[PDB]
Amino acid sequence: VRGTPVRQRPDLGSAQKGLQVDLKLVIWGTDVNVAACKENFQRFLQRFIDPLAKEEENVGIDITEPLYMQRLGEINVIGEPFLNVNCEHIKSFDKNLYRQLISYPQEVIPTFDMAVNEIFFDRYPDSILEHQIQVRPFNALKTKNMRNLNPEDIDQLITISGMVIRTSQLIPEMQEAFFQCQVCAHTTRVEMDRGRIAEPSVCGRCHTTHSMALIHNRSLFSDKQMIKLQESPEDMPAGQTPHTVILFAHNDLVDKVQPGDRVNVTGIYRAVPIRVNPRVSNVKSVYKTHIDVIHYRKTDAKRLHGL
Amino acid sequence: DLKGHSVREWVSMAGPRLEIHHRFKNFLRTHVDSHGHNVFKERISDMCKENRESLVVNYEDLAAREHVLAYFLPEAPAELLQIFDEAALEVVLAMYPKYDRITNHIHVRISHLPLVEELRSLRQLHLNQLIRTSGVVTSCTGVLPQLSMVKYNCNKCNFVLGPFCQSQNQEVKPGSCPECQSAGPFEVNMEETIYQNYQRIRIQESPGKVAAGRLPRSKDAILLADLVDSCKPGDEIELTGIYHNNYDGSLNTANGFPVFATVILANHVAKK
Ligand SMILES: [Zn+2]
Ligand SMILES: [Zn+2]
């Protein structure tokens, strides 16, 4: 790494401890090794040429060179740091890595990010991207019906397809709060950490207690977008009405897709509790769920090209 | 300079605070000696050699070289003493910046105050003034620990309410906890507090100085943090201190004239 910024991944989810345990040294709760997943995906990057790459349907994709390496070349010639990692390419290559990614996305994906940034900066020393490349894993094995999803896929990358209904206005949310001491004008940035800020409560310079006030419009904000979407399931049981699902997009995917657009959506299925009343801080046993979004596939084999 | 306002309010103003602090620093550095030695250098050298925590200066030298401070001294002694604490701290840190761990404080004592009052005659006209006096210690309790920068556990949430300075007048009382916002039953954190030695003596007029038909009169006195156990019972002692009335001593109770006790915050004890 040269020193390019590590901008946080709002769409993947809030951070966690990343607790590791020996049975070599897997992540707690998961059958994942950071080293194993990282190395397997580095192999996948460096040596995965297609068995077939129809140039007509996949313009810019050859059958000779390793697949994603020329993608890194184009991500060097232009400045957008995003790499389209086809989950079915991963399925053909390494079924184990498919299982680990589409069971443990928010932790396998940062390792994939680390590997991609490492390989890219090894290849191109003087190339300058605004921040680290990010891997967009999509085309996971299509779940047909949200109403036939189970409570076992929470935080587990799924895919469905359907038409948007609304794309509401942006909503900033905090990522790095700004504090200033009311007395001595001492500043400090406080990173948002695992879902909640840490109000400093003591000036670092003059030690006054709770003189630290939160300056709003000096902070850091990533964006958001509620995107109410109507599912087009391929499985329609006998009386399941048209299911509709909320999509929260974030800094890079917001306002990339308008109402009425028809999209496959691959994203993190995310349960979040429901507050009992808008002001009381209790919650409900009966959670809601909403798909996040890690990727929209615009292309459809049945429809024609979009605008 | 002088104006219509009182001496105490004057020295409370920030402008003359900087003025007289600068003057004290100036003569601390520059009043060389009677015979060109820079005695303050050697006195500070010995002071930090022992870590005495307390310097003493001669009032004759003080007044002679710089007389405005000397005139101000008995009028509003408390403020002048606090500033000279700060200025002496500045100069000792300048000479030995390593002193920072050593007590974070230096007291200053004033010797040879010219006008000695007698314990028979200490009237209303000496309240809140630094006087010099003589006597014999009739009693001297043991050294007790006093709060000086006290921290309180808010025992609703165990936040450490910060270090409050403790004046001698009224016991410090926190308003509320900055965290849970309660005026709760706070209680002192025994450890983070930094206490201070407190000893209580009682001097009385010597029979060699009492008159014909009389009973010798006795004044209390408080020694703090360096002068404790600097005098035992029966010692003929000169005492210099702020004759003092406004702490909590007053006969506001029933069956009593509105009559106030008094003490002497001793600023220098000298055996003889
Ligand atoms: Zn401050
Ligand atoms: Zn509290």
# chains A, B, ... in the order shown; residues from 1 in each chain; ligands from 1
>>> residues_around(residues="residue B:182", least_positions_apart="4", cutoff="12 Å", atoms="only C-alpha atoms", output="list in words")
residues 154, 155, 156, 157, 158, 159, 161, 174, 175, 176, 177, 178 and 186 of chain B
>>> residues_around(residues="residue A:236", least_positions_apart="6", cutoff="12 Å", atoms="only C-alpha atoms", output="PyMOL selection string")
chain A and resi 144-148+242-243
>>> write_last_selection(atoms="N, CA and C atoms", output="CSV table (one decimal), in the first residue's frame")
chain,number,residue,atom,x,y,z
A,144,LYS,N,-35.1,-17.2,-5.0
A,144,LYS,CA,-36.2,-16.8,-5.8
A,144,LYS,C,-37.1,-15.8,-5.1
A,145,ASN,N,-37.6,-16.2,-3.9
A,145,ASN,CA,-38.6,-15.5,-3.2
A,145,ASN,C,-38.1,-15.0,-1.8
A,146,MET,N,-38.3,-13.7,-1.6
A,146,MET,CA,-38.0,-13.1,-0.3
A,146,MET,C,-38.9,-13.8,0.8
A,147,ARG,N,-40.2,-14.0,0.4
A,147,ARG,CA,-41.1,-14.7,1.3
A,147,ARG,C,-40.7,-16.1,1.6
A,148,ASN,N,-39.9,-16.7,0.8
A,148,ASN,CA,-39.3,-18.0,1.1
A,148,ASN,C,-37.9,-18.0,1.6
A,242,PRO,N,-47.5,-9.1,-4.4
A,242,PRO,CA,-46.2,-8.6,-4.8
A,242,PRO,C,-45.4,-8.1,-3.7
A,243,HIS,N,-44.3,-8.8,-3.3
A,243,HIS,CA,-43.5,-8.4,-2.2
A,243,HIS,C,-42.7,-7.1,-2.6
>>> residues_around(residues="residue A:50", least_positions_apart="2", cutoff="12 Å", atoms="only C-alpha atoms", output="PyMOL selection string")
chain A and resi 44-45+47-48+52-55+58+61-68+86+88-90+92-93
>>> closest_residue(among="A:10, A:18, A:273, A:200", to="chain B", atoms="only C-alpha atoms")
A:200
>>> residues_around(residues="stretch 25-34 of chain A", least_positions_apart="4", cutoff="8 Å", atoms="only C-alpha atoms", output="list in words")
residues 18, 19, 20, 21, 38, 100, 104, 108 and 111 of chain A
>>> write_last_selection(atoms="N, CA, C and O atoms", output="mmCIF file, in the first residue's frame")
data_model
loop_
_atom_site.group_PDB
_atom_site.id
_atom_site.type_symbol
_atom_site.label_atom_id
_atom_site.label_comp_id
_atom_site.auth_asym_id
_atom_site.auth_seq_id
_atom_site.Cartn_x
_atom_site.Cartn_y
_atom_site.Cartn_z
ATOM 1 N N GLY A 18 -14.067 -8.504 15.295
ATOM 2 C CA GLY A 18 -13.177 -9.355 14.540
ATOM 3 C C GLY A 18 -12.447 -10.259 15.505
ATOM 4 O O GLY A 18 -11.221 -10.203 15.623
ATOM 5 N N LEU A 19 -13.208 -11.079 16.223
ATOM 6 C CA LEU A 19 -12.663 -11.962 17.243
ATOM 7 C C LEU A 19 -12.228 -13.266 16.591
ATOM 8 O O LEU A 19 -13.001 -13.874 15.847
ATOM 9 N N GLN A 20 -10.992 -13.684 16.872
ATOM 10 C CA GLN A 20 -10.391 -14.872 16.285
ATOM 11 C C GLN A 20 -10.065 -15.887 17.369
ATOM 12 O O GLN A 20 -9.800 -15.527 18.519
ATOM 13 N N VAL A 21 -10.099 -17.163 16.992
ATOM 14 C CA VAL A 21 -10.005 -18.264 17.943
ATOM 15 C C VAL A 21 -9.371 -19.455 17.235
ATOM 16 O O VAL A 21 -9.551 -19.653 16.031
ATOM 17 N N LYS A 38 -7.887 -14.625 1.951
ATOM 18 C CA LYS A 38 -7.067 -13.658 1.234
ATOM 19 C C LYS A 38 -6.237 -14.337 0.154
ATOM 20 O O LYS A 38 -6.206 -13.888 -0.999
ATOM 21 N N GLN A 100 -17.485 -19.191 1.684
ATOM 22 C CA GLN A 100 -17.033 -18.238 2.688
ATOM 23 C C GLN A 100 -17.519 -16.826 2.382
ATOM 24 O O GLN A 100 -17.927 -16.103 3.295
ATOM 25 N N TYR A 104 -20.177 -14.997 4.737
ATOM 26 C CA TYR A 104 -19.484 -14.094 5.661
ATOM 27 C C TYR A 104 -19.015 -12.850 4.915
ATOM 28 O O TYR A 104 -17.829 -12.523 4.915
ATOM 29 N N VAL A 108 -15.068 -11.220 4.694
ATOM 30 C CA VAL A 108 -14.347 -11.731 3.539
ATOM 31 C C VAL A 108 -14.092 -10.603 2.548
ATOM 32 O O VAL A 108 -13.035 -10.541 1.913
ATOM 33 N N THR A 111 -11.002 -8.424 3.237
ATOM 34 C CA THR A 111 -9.789 -9.141 2.863
ATOM 35 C C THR A 111 -9.602 -9.145 1.352
ATOM 36 O O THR A 111 -8.477 -8.990 0.860
#
>>> residues_around(residues="residue A:163", least_positions_apart="4", cutoff="10 Å", atoms="only C-alpha atoms", output="list in words")
residues 228, 229, 230, 231, 232, 244, 258, 259, 260, 261, 262, 263, 264 and 265 of chain A
>>> write_last_selection(atoms="N, CA, C and O atoms", output="PDB file, in the first residue's frame")
ATOM      1  N   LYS A 228     -37.166   2.292  -2.042  1.00  0.00           N
ATOM      2  CA  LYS A 228     -38.219   1.299  -1.947  1.00  0.00           C
ATOM      3  C   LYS A 228     -38.354   0.601  -3.285  1.00  0.00           C
ATOM      4  O   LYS A 228     -38.531   1.263  -4.315  1.00  0.00           O
ATOM      5  N   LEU A 229     -38.252  -0.734  -3.263  1.00  0.00           N
ATOM      6  CA  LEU A 229     -38.204  -1.580  -4.452  1.00  0.00           C
ATOM      7  C   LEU A 229     -39.216  -2.707  -4.382  1.00  0.00           C
ATOM      8  O   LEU A 229     -39.374  -3.353  -3.345  1.00  0.00           O
ATOM      9  N   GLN A 230     -39.863  -2.957  -5.518  1.00  0.00           N
ATOM     10  CA  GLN A 230     -40.851  -4.014  -5.664  1.00  0.00           C
ATOM     11  C   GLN A 230     -40.210  -5.218  -6.335  1.00  0.00           C
ATOM     12  O   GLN A 230     -39.652  -5.100  -7.430  1.00  0.00           O
ATOM     13  N   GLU A 231     -40.309  -6.366  -5.685  1.00  0.00           N
ATOM     14  CA  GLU A 231     -39.637  -7.564  -6.151  1.00  0.00           C
ATOM     15  C   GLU A 231     -40.372  -8.161  -7.335  1.00  0.00           C
ATOM     16  O   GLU A 231     -41.602  -8.122  -7.400  1.00  0.00           O
ATOM     17  N   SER A 232     -39.607  -8.706  -8.273  1.00  0.00           N
ATOM     18  CA  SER A 232     -40.132  -9.547  -9.339  1.00  0.00           C
ATOM     19  C   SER A 232     -39.664 -10.968  -9.071  1.00  0.00           C
ATOM     20  O   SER A 232     -38.706 -11.427  -9.703  1.00  0.00           O
ATOM     21  N   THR A 244     -42.539  -6.242  -1.639  1.00  0.00           N
ATOM     22  CA  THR A 244     -41.785  -5.007  -1.801  1.00  0.00           C
ATOM     23  C   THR A 244     -40.805  -4.888  -0.648  1.00  0.00           C
ATOM     24  O   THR A 244     -41.124  -5.252   0.487  1.00  0.00           O
ATOM     25  N   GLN A 258     -33.127   4.781 -10.806  1.00  0.00           N
ATOM     26  CA  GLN A 258     -34.313   5.610 -10.640  1.00  0.00           C
ATOM     27  C   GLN A 258     -35.557   4.758 -10.441  1.00  0.00           C
ATOM     28  O   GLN A 258     -35.508   3.530 -10.535  1.00  0.00           O
ATOM     29  N   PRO A 259     -36.700   5.376 -10.130  1.00  0.00           N
ATOM     30  CA  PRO A 259     -37.941   4.607 -10.044  1.00  0.00           C
ATOM     31  C   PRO A 259     -38.322   4.027 -11.391  1.00  0.00           C
ATOM     32  O   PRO A 259     -38.074   4.620 -12.441  1.00  0.00           O
ATOM     33  N   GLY A 260     -38.929   2.845 -11.346  1.00  0.00           N
ATOM     34  CA  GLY A 260     -39.335   2.130 -12.533  1.00  0.00           C
ATOM     35  C   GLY A 260     -38.252   1.306 -13.184  1.00  0.00           C
ATOM     36  O   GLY A 260     -38.570   0.437 -13.998  1.00  0.00           O
ATOM     37  N   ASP A 261     -36.986   1.545 -12.851  1.00  0.00           N
ATOM     38  CA  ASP A 261     -35.901   0.726 -13.365  1.00  0.00           C
ATOM     39  C   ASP A 261     -36.053  -0.703 -12.879  1.00  0.00           C
ATOM     40  O   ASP A 261     -36.434  -0.941 -11.733  1.00  0.00           O
ATOM     41  N   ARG A 262     -35.739  -1.654 -13.754  1.00  0.00           N
ATOM     42  CA  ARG A 262     -35.775  -3.076 -13.438  1.00  0.00           C
ATOM     43  C   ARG A 262     -34.352  -3.571 -13.269  1.00  0.00           C
ATOM     44  O   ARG A 262     -33.518  -3.380 -14.158  1.00  0.00           O
ATOM     45  N   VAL A 263     -34.081  -4.198 -12.132  1.00  0.00           N
ATOM     46  CA  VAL A 263     -32.723  -4.514 -11.716  1.00  0.00           C
ATOM     47  C   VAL A 263     -32.718  -5.843 -10.989  1.00  0.00           C
ATOM     48  O   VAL A 263     -33.627  -6.133 -10.205  1.00  0.00           O
ATOM     49  N   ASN A 264     -31.697  -6.656 -11.250  1.00  0.00           N
ATOM     50  CA  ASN A 264     -31.298  -7.619 -10.242  1.00  0.00           C
ATOM     51  C   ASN A 264     -30.578  -6.843  -9.164  1.00  0.00           C
ATOM     52  O   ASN A 264     -29.828  -5.916  -9.463  1.00  0.00           O
ATOM     53  N   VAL A 265     -30.833  -7.194  -7.911  1.00  0.00           N
ATOM     54  CA  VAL A 265     -30.176  -6.576  -6.771  1.00  0.00           C
ATOM     55  C   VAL A 265     -29.549  -7.683  -5.940  1.00  0.00           C
ATOM     56  O   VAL A 265     -30.250  -8.583  -5.464  1.00  0.00           O
TER      57      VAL A 265
END
>>> closest_residue(among="A:285, A:84, A:103, A:180", to="ligand 1", atoms="only C-alpha atoms and all ligand atoms")
A:180
>>> residues_around(residues="residue B:32", least_positions_apart="6", cutoff="12 Å", atoms="only C-alpha atoms", output="ChimeraX atom specification")
/B:26,38-43,61,65
>>> write_last_selection(atoms="N, CA, C and O atoms", output="PDB file, in the first residue's frame")
ATOM      1  N   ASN B  26      10.384  40.613  39.290  1.00  0.00           N
ATOM      2  CA  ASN B  26      11.501  41.504  39.015  1.00  0.00           C
ATOM      3  C   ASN B  26      12.463  41.547  40.185  1.00  0.00           C
ATOM      4  O   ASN B  26      13.663  41.318  40.010  1.00  0.00           O
ATOM      5  N   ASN B  38      23.316  38.102  44.995  1.00  0.00           N
ATOM      6  CA  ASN B  38      22.133  37.437  44.453  1.00  0.00           C
ATOM      7  C   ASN B  38      21.696  36.333  45.415  1.00  0.00           C
ATOM      8  O   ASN B  38      21.689  35.144  45.095  1.00  0.00           O
ATOM      9  N   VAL B  39      21.357  36.771  46.631  1.00  0.00           N
ATOM     10  CA  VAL B  39      21.059  35.850  47.729  1.00  0.00           C
ATOM     11  C   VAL B  39      19.887  34.942  47.398  1.00  0.00           C
ATOM     12  O   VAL B  39      19.792  33.833  47.933  1.00  0.00           O
ATOM     13  N   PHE B  40      18.969  35.395  46.545  1.00  0.00           N
ATOM     14  CA  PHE B  40      17.822  34.567  46.203  1.00  0.00           C
ATOM     15  C   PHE B  40      18.245  33.316  45.454  1.00  0.00           C
ATOM     16  O   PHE B  40      17.624  32.264  45.622  1.00  0.00           O
ATOM     17  N   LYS B  41      19.310  33.403  44.654  1.00  0.00           N
ATOM     18  CA  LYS B  41      19.834  32.213  43.988  1.00  0.00           C
ATOM     19  C   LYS B  41      20.272  31.167  45.004  1.00  0.00           C
ATOM     20  O   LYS B  41      19.904  29.995  44.899  1.00  0.00           O
ATOM     21  N   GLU B  42      21.040  31.579  46.013  1.00  0.00           N
ATOM     22  CA  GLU B  42      21.531  30.621  47.002  1.00  0.00           C
ATOM     23  C   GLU B  42      20.405  30.114  47.894  1.00  0.00           C
ATOM     24  O   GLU B  42      20.379  28.931  48.265  1.00  0.00           O
ATOM     25  N   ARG B  43      19.476  30.997  48.268  1.00  0.00           N
ATOM     26  CA  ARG B  43      18.343  30.567  49.074  1.00  0.00           C
ATOM     27  C   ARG B  43      17.504  29.544  48.325  1.00  0.00           C
ATOM     28  O   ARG B  43      17.129  28.515  48.891  1.00  0.00           O
ATOM     29  N   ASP B  61      13.739  44.295  53.562  1.00  0.00           N
ATOM     30  CA  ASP B  61      14.245  44.283  52.193  1.00  0.00           C
ATOM     31  C   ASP B  61      13.122  44.528  51.198  1.00  0.00           C
ATOM     32  O   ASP B  61      13.271  45.324  50.259  1.00  0.00           O
ATOM     33  N   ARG B  65      13.260  48.006  48.950  1.00  0.00           N
ATOM     34  CA  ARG B  65      13.463  47.990  47.507  1.00  0.00           C
ATOM     35  C   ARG B  65      12.178  48.343  46.766  1.00  0.00           C
ATOM     36  O   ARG B  65      12.211  49.119  45.804  1.00  0.00           O
TER      37      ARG B  65
END
>>> closest_residue(among="A:210, A:276, A:306, A:289", to="chain B", atoms="only C-alpha atoms")
A:210
>>> select_by_dssp(residues="stretch 52-141 of chain B", states="helix (DSSP H, G or I)", output="ChimeraX atom specification")
/B:59-65,67-75,77-95,97-101,124-126
>>> write_last_selection(atoms="N, CA and C atoms", output="tab-separated table (two decimals), in the first residue's frame")
chain	number	residue	atom	x	y	z
B	59	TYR	N	10.81	41.47	55.31
B	59	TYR	CA	9.93	42.59	55.01
B	59	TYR	C	10.70	43.89	54.87
B	60	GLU	N	11.79	44.06	55.62
B	60	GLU	CA	12.59	45.27	55.48
B	60	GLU	C	13.15	45.38	54.07
B	61	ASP	N	13.74	44.29	53.56
B	61	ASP	CA	14.25	44.28	52.19
B	61	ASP	C	13.12	44.53	51.20
B	62	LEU	N	11.99	43.84	51.40
B	62	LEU	CA	10.82	44.00	50.55
B	62	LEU	C	10.42	45.46	50.45
B	63	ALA	N	10.09	46.07	51.58
B	63	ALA	CA	9.60	47.44	51.60
B	63	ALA	C	10.66	48.41	51.07
B	64	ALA	N	11.92	48.22	51.47
B	64	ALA	CA	12.97	49.16	51.09
B	64	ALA	C	13.16	49.18	49.58
B	65	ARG	N	13.26	48.01	48.95
B	65	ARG	CA	13.46	47.99	47.51
B	65	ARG	C	12.18	48.34	46.77
B	67	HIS	N	8.17	49.37	47.81
B	67	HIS	CA	7.41	49.71	49.01
B	67	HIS	C	5.91	49.61	48.80
B	68	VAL	N	5.44	49.66	47.54
B	68	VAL	CA	4.01	49.56	47.27
B	68	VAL	C	3.50	48.21	47.75
B	69	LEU	N	4.25	47.15	47.47
B	69	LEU	CA	3.85	45.82	47.89
B	69	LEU	C	3.81	45.72	49.41
B	70	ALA	N	4.81	46.31	50.06
B	70	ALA	CA	4.88	46.29	51.52
B	70	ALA	C	3.69	46.99	52.13
B	71	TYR	N	3.31	48.14	51.57
B	71	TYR	CA	2.13	48.83	52.06
B	71	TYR	C	0.87	48.01	51.81
B	72	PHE	N	0.80	47.34	50.66
B	72	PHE	CA	-0.40	46.55	50.36
B	72	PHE	C	-0.51	45.33	51.26
B	73	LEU	N	0.63	44.82	51.76
B	73	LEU	CA	0.66	43.50	52.38
B	73	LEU	C	-0.29	43.35	53.57
B	74	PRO	N	-0.26	44.21	54.59
B	74	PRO	CA	-1.22	44.02	55.68
B	74	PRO	C	-2.65	44.33	55.28
B	75	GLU	N	-2.87	45.09	54.21
B	75	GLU	CA	-4.23	45.48	53.86
B	75	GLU	C	-5.02	44.30	53.32
B	77	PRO	N	-3.67	40.78	52.63
B	77	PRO	CA	-2.57	39.81	52.57
B	77	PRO	C	-2.86	38.55	51.78
B	78	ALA	N	-4.10	38.07	51.78
B	78	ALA	CA	-4.41	36.78	51.16
B	78	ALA	C	-4.10	36.80	49.67
B	79	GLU	N	-4.52	37.86	48.98
B	79	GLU	CA	-4.33	37.93	47.54
B	79	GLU	C	-2.86	38.04	47.20
B	80	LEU	N	-2.13	38.89	47.95
B	80	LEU	CA	-0.71	39.05	47.69
B	80	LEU	C	0.03	37.74	47.94
B	81	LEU	N	-0.37	37.01	48.97
B	81	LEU	CA	0.27	35.73	49.25
B	81	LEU	C	0.01	34.71	48.14
B	82	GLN	N	-1.22	34.66	47.61
B	82	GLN	CA	-1.50	33.74	46.50
B	82	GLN	C	-0.65	34.07	45.27
B	83	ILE	N	-0.59	35.35	44.91
B	83	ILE	CA	0.21	35.73	43.74
B	83	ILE	C	1.68	35.40	43.97
B	84	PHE	N	2.19	35.64	45.18
B	84	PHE	CA	3.61	35.39	45.42
B	84	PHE	C	3.87	33.89	45.41
B	85	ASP	N	2.89	33.08	45.82
B	85	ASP	CA	2.98	31.64	45.60
B	85	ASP	C	3.19	31.34	44.13
B	86	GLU	N	2.37	31.95	43.27
B	86	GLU	CA	2.51	31.68	41.84
B	86	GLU	C	3.86	32.17	41.31
B	87	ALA	N	4.29	33.37	41.71
B	87	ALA	CA	5.54	33.93	41.21
B	87	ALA	C	6.75	33.14	41.70
B	88	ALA	N	6.75	32.73	42.97
B	88	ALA	CA	7.81	31.89	43.47
B	88	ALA	C	7.83	30.55	42.75
B	89	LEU	N	6.65	30.02	42.43
B	89	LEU	CA	6.60	28.80	41.64
B	89	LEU	C	7.26	29.01	40.28
B	90	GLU	N	7.00	30.16	39.66
B	90	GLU	CA	7.62	30.47	38.38
B	90	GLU	C	9.14	30.52	38.50
B	91	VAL	N	9.65	31.20	39.53
B	91	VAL	CA	11.10	31.39	39.60
B	91	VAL	C	11.81	30.09	39.98
B	92	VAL	N	11.22	29.29	40.88
B	92	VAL	CA	11.85	28.03	41.24
B	92	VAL	C	11.80	27.06	40.06
B	93	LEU	N	10.71	27.07	39.28
B	93	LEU	CA	10.70	26.25	38.08
B	93	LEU	C	11.72	26.74	37.07
B	94	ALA	N	11.93	28.06	36.99
B	94	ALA	CA	12.96	28.58	36.09
B	94	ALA	C	14.34	28.09	36.51
B	95	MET	N	14.63	28.12	37.81
B	95	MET	CA	15.95	27.71	38.27
B	95	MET	C	16.14	26.20	38.14
B	97	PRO	N	13.74	23.47	36.52
B	97	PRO	CA	12.50	22.94	35.91
B	97	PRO	C	12.18	21.51	36.31
B	98	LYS	N	13.15	20.75	36.82
B	98	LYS	CA	12.92	19.41	37.33
B	98	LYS	C	12.04	19.38	38.57
B	99	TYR	N	11.80	20.54	39.22
B	99	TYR	CA	11.04	20.63	40.45
B	99	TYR	C	9.56	20.30	40.28
B	100	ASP	N	9.06	20.19	39.04
B	100	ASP	CA	7.63	20.07	38.75
B	100	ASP	C	6.96	18.96	39.55
B	101	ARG	N	7.62	17.81	39.70
B	101	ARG	CA	7.07	16.75	40.53
B	101	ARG	C	7.07	17.11	42.01
B	124	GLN	N	-11.27	44.79	66.17
B	124	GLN	CA	-11.91	44.71	64.86
B	124	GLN	C	-11.03	45.29	63.76
B	125	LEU	N	-10.20	46.27	64.09
B	125	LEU	CA	-9.44	47.00	63.09
B	125	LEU	C	-8.28	46.20	62.49
B	126	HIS	N	-8.09	44.93	62.88
B	126	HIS	CA	-7.05	44.07	62.33
B	126	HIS	C	-7.60	42.89	61.55
>>> residues_near_ligand(ligand="ligand 1", cutoff="10 Å", atoms="only C-alpha atoms and all ligand atoms", output="list in words")
residues 180, 181, 182, 183, 184, 185, 186, 187, 202, 203, 204, 205, 206, 207, 208, 209, 210, 211 and 212 of chain A
>>> select_by_dssp(residues="stretch 91-304 of chain A", states="strand (DSSP E)", output="number ranges by chain")
A: 134-138, 157-170, 173-181, 187-191, 212-222, 225-231, 244-249, 262-272, 288-292, 295-297
>>> residues_around(residues="residue B:163", least_positions_apart="6", cutoff="7 Å", atoms="only C-alpha atoms", output="list in words")
residues 149, 150 and 151 of chain B
>>> write_last_selection(atoms="N, CA, C and O atoms", output="JSON list (two decimals), in the first residue's frame")
[["chain", "number", "residue", "atom", "x", "y", "z"],
["B", 149, "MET", "N", -6.87, 19.59, 47.30],
["B", 149, "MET", "CA", -7.45, 19.50, 45.96],
["B", 149, "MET", "C", -8.21, 18.18, 45.99],
["B", 149, "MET", "O", -7.64, 17.12, 45.74],
["B", 150, "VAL", "N", -9.50, 18.25, 46.30],
["B", 150, "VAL", "CA", -10.29, 17.08, 46.63],
["B", 150, "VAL", "C", -11.05, 16.62, 45.40],
["B", 150, "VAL", "O", -11.59, 17.44, 44.65],
["B", 151, "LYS", "N", -11.08, 15.31, 45.18],
["B", 151, "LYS", "CA", -11.89, 14.67, 44.16],
["B", 151, "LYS", "C", -12.97, 13.85, 44.83],
["B", 151, "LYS", "O", -12.72, 13.21, 45.86]]
